[PDB]
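Report on one structure; see the data block that follows.
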Amino acid sequence: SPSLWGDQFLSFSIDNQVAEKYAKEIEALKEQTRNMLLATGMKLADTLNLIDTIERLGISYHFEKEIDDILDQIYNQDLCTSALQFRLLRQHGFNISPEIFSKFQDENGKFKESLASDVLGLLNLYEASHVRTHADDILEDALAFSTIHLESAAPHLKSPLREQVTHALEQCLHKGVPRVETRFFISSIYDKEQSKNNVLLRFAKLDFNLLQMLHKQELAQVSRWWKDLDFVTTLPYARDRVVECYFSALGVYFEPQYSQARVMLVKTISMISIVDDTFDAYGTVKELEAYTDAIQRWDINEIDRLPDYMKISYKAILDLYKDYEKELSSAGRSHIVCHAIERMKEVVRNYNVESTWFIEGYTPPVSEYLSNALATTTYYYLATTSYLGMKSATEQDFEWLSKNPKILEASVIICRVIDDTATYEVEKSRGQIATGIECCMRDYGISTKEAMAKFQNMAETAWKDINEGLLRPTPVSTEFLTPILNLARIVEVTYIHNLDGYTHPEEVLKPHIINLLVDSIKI
Ligand SMILES: CC(C)=CCC/C(C)=C/CC/C(C)=C/[C@H](O)P(=O)(O)O
Ligand SMILES: [Mg+2]
Ligand SMILES: [Mg+2]
């Protein structure tokens, strides 16, 4: 499919006038909200609720500290309140004990079925059940419990609750994309809340709409940068998904301070997409081998062994990193670009092996499979690329990333296992007997069902691992853990109808793209 979008995102003339109007009133709403947080005699359930709402609306990135000091204090000092308190502290790194859920369970470890009539309690427990780590076996039955009752109780709930419950049973807050969920909360829920806080709603719509202007600009910038390359008329075999790449970079981070980073990350994602397309639906055994080698060396002098068409990809790639080296200059962080590069070569290496395995009809043992198939997700790559733009990222931080941290390793597994479950049958048809599930089935001598079932558990384990990763002390500043977390969210979001949303956007991403980069939240 050619691009659903077309030249539509190419032009964007911001109404500075409008943007200024929005900015000014927002600053005034910022302070009003700030003072809401600083209120002295508030109850626990009112404070936890306040913070929950500000976060969901997507304006919590303004009061990053105010909210931290409040949770810290709440950490150093009913089901609904408990689970919420749990989730919020945990998402922030505070390792609060699960024995809070003790007083809600029987002597036999399970939850009292007498709670089945507490919807708000069941709901917040459901959301909290997704941020559990391996040491939280107390919450082993939290999800199936709250789910079954939520489903049963939802059809007769008043709105918007009913709509909030039905949506959560399809997508939990923790594992969803921030912008996407915020767009859902503001318009479909909080705006329709009878007790909604007018100041916070107003604040929430302006802000979301204002940052949408910036994203619209960014995407424009990237849409012109993508036409001046003409891989649309030059390299027809490749996928034109620059908008979808932007959604991915927007999923990694949306704050305005990451404007430089996002644009950097979009160019990479788009770029590497081409290379997979080359190795997959185009280049030949020899051509690919010549391409992988070319990449590994890295010096334009080689654009020669490469066929004419691979010459274009290769040059574009090298110039992109030269641009990167150039953008950074001002700060003096050009010496970190290499980090992204060594990862890219790693992706290219495996891409090659992947093909080699396809020609020989090799069906590796799962062990050997992942050792190679993990990087081909490009997740170490994007993770490493996401830092480039972050003005705070140091060498000592990339060094952390280069050792393949457990949080990153788990983010990558989630992207691998889910992708292999969602694209088994298709990839198979094409003769690729090297696909996850296959190696799994033959390796463990199990059915397709059992193989997928075992891959799911890998993902669950992975999540439990990512949740631990967020706990303090954090190996690096939380600021650099979130990009990894979000990447995993993006996987969970893109393959929900259990299907490639980036290779088949229409049913999954299109909507998000429309609600995030097209339609503004009507005030
Ligand atoms: C689902 C997610 C988050 C996708 C991230 C995007 C990425 C850089 C795409 C490049 C090309 C891909 C991925 C092809 C196949 O899908 P494959 O890799 O399966 O051969
Ligand atoms: Mg490939
Ligand atoms: Mg796949």
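Along the chain as shown, the residues are counted starting at 1.
So how was this one determined? The header says X-ray crystallography, 3.5 Å.
Any Cβ shown, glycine's included, is placed from N, Cα and C.
Record features (Swiss-Prot):
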BINDING   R239, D276, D280, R416, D419  (2E,6E)-farnesyl diphosphate binding site
BINDING   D276, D280  Mg(2+) 1 binding site
BINDING   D276, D280  Mg(2+) 2 binding site
BINDING   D419, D420, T423, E427  Mg(2+) 3 binding site
MOTIF     276-280  motif 'DDXXD motif'
Direct Cα-Cα distance, rounded to whole Å, spanning the 5 residues left out between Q77 and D78: 17
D419 ((2E,6E)-farnesyl diphosphate binding site): tally of other CB atoms within 10 A of its CB: 22
Pairwise Cα distance for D419 ((2E,6E)-farnesyl diphosphate binding site)/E427 (Mg(2+) 3 binding site) [Å, integer]: 11
Cβ under 6 Å from ligand 2: qualifying binding-site residues of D276, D280, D420, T423: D276, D280
Among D276, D420, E427, the binding-site residues whose C-beta sits under 6 Å from ligand 1: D276
Top Cα neighbour of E427 (Mg(2+) 3 binding site) in the set of binding-site residues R239, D276, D280, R416: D280
Other residues, Cβ within 8 Å of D419, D420, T423, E427 Cβ centroid (Mg(2+) 3 site): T421, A422, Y424, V426, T435, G436, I437, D500
Same chain, 6+ residues apart, C-beta under 8 Å of the C-beta of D276 ((2E,6E)-farnesyl diphosphate binding site), given in sequence order: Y351, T376, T378
Residues among the binding-site residues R239, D276, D280, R416, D419 that border ligand 3 - Cβ under 6 angstroms, in sequence order: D419
